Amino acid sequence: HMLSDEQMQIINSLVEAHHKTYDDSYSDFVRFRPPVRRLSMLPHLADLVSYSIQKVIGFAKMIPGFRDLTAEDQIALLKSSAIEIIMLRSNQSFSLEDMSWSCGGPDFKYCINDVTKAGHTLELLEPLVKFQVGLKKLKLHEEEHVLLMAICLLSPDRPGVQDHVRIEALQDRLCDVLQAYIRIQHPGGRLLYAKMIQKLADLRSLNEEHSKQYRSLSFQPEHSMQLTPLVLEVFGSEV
């Protein structure tokens, strides 16, 4: 068959949102606390992550439907998915060659080593890199990649969610367009969709691992004082 107007209107709506919240020049990175190669990277990455949360929020506010959800639900979804949207969006700059996140220039190229000095262990970094690679290999389309982020953020199976009905619908509406688009626009994507969901599944484990470690760091004020108000609030455990 072929996508409909509605299905398409959504695709253009998401894609526009992403271009508007993801700067390809990375010119904002120069404004973060400088990277330093005892958690010497924590300041710079904290600022990177904080900055990213801001973008993920801006992206969400533009997803059709999300804005009509209750402020409470919006938060529930963000606080539980944000970390995953960041892992998904960071892939856009992940490079298989040097196995790293190459952003602005040389200063903003984060190796597996750099990332180590931010308070996280291989217990997370190993699977994370694994994830980035496997995903980078799916050579998804900008439309598929953008959808996947919207599907992950509109997962009703997140703690704190109230209207576990309306959201379930929205996600369903998104999941179709993806299955459709791939069927129609992505030659050789006969097995893509299924593969993309397995990725939304891996994101839960990463989410899990990061949360444990985040608590550990978060408890030591000499380390939490290095974070940002937004990072503390979103990754915090306040209800």
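The numbering used is simple: start at 1 and walk along the sequence shown. Take the two forms, find the largest set of C-alpha atoms that superpose within 1.5 Å, and that set is the rigid core.
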Per-stretch CA RMS vs shown form in 7 other deposited structures of this protein, rigid core as reference, larger of 90-98/103-111 is 103-111
113-121 or 138-146, the stretch lying farther from the shown form in 7 other deposited structures of this protein by root mean square CA distance over structures and residues, after core fitting, is 113-121
According to the PDB record, deposited residues with no modelled atoms between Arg37 and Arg38 number 10 or more
Mean Cα B-factor check, 91-99 vs 78-86, entry values; winner is 91-99
When mean C-alpha B-factors in the record are compared for 144-152 and 125-133, the larger belongs to 125-133
When the entry's CA B-factors for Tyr214, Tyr181, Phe59, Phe32 are compared, the highest one belongs to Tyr181
From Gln54, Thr70, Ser205, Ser27, the top C-alpha temperature factor is at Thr70
Assert third(CA B-factor, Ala118) within chain per record equals lowest
Among the modelled residues of its chain, the C-alpha B-factor of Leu192 falls in the third labelled highest
The third of the chain into which the C-alpha temperature factor of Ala46 falls is the lowest
